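What follows is a single chain, given as structure tokens, in the form deposited in one PDB entry.
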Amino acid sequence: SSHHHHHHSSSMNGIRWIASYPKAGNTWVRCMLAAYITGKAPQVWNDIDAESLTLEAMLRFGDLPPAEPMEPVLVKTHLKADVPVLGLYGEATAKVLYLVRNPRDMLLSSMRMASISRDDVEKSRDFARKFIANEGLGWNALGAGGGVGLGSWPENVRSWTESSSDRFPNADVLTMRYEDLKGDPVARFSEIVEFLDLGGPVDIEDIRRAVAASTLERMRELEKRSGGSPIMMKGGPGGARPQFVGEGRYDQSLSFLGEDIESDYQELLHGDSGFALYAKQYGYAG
């Protein structure tokens, strides 16, 4: 009986948008929603996908969320709210949940997901400077929304959070900071659930269990165990893929890329662009 070895494998109905710029903690929230809706801990990615639609995925097959749902329908997107596809849901939209996150952390998260290691000085510097230059990820023609459909960060934020009585006349809108969720997951997630109004009293015990089911640790297990995908273990080098569930850090310094990059970032933060305005508004500007 020796231990410590490793195994040898060799409106009540209507659309609820879960909208966010890439890397703002959208999947975590959807995981908590799935856990909460089903009262079961999600085990693989498909358990998460089973309880909320992804617009861009659906579009890939010519599919669309129902334009007249007879139930609450959760739909994720990173697309700007003013893309023509979203205009089909002007009236059918009942809730907008918009998740925002520190652009520093979105930048670094996106970088990892682009398979750029902080060891690759040239590629990581290039990536970070493009992000700053473009006020976000809408330069990446290969990323979500083809870049253009995503917009820069301020463009995305503005589209989802402003003039909501115009775009979605029948919807309530709630903006939630990733950082606030990290701070007090149970309190903030219960606010999300109450806001989405999926029906009936929010049981704080159900909320607590849903949060417990969706911690970084549980979601790391989910990633390894999956099953589906976030978008055949140990093939060769080329089979490696960036870790989807990372550390979920806050206000990361860009200094490790070079103090000049950090300085460029600060220049951006304290300028007069929409980027700086939103960073200030959401407490990301210091």
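Rigid core (definition): largest C-alpha set, two forms, superposition within 1.5 Å. All residue numbers are counted from 1 along the displayed sequence.
There is another form of the same protein, the form deposited in another entry; it is not shown, and what comes next is about it.
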Large Cα move at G274 between this form and the one not shown, threshold 2 Å, rigid core: no
Take the rigid core as the frame of reference and indicate whether the C-alpha of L33 shifts by 2 Å or more between this form and the one not shown. no
Does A50 show a Cα shift reaching 2 Å between this form and the one not shown after rigid-core superposition? yes
Where do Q43 and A19 end up in the other entry, Cα atoms closer or farther than shown, with a change of 3 Å or more? closer
Sense of CA distance change between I204 and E51 in the other entry, threshold 3 Å: farther
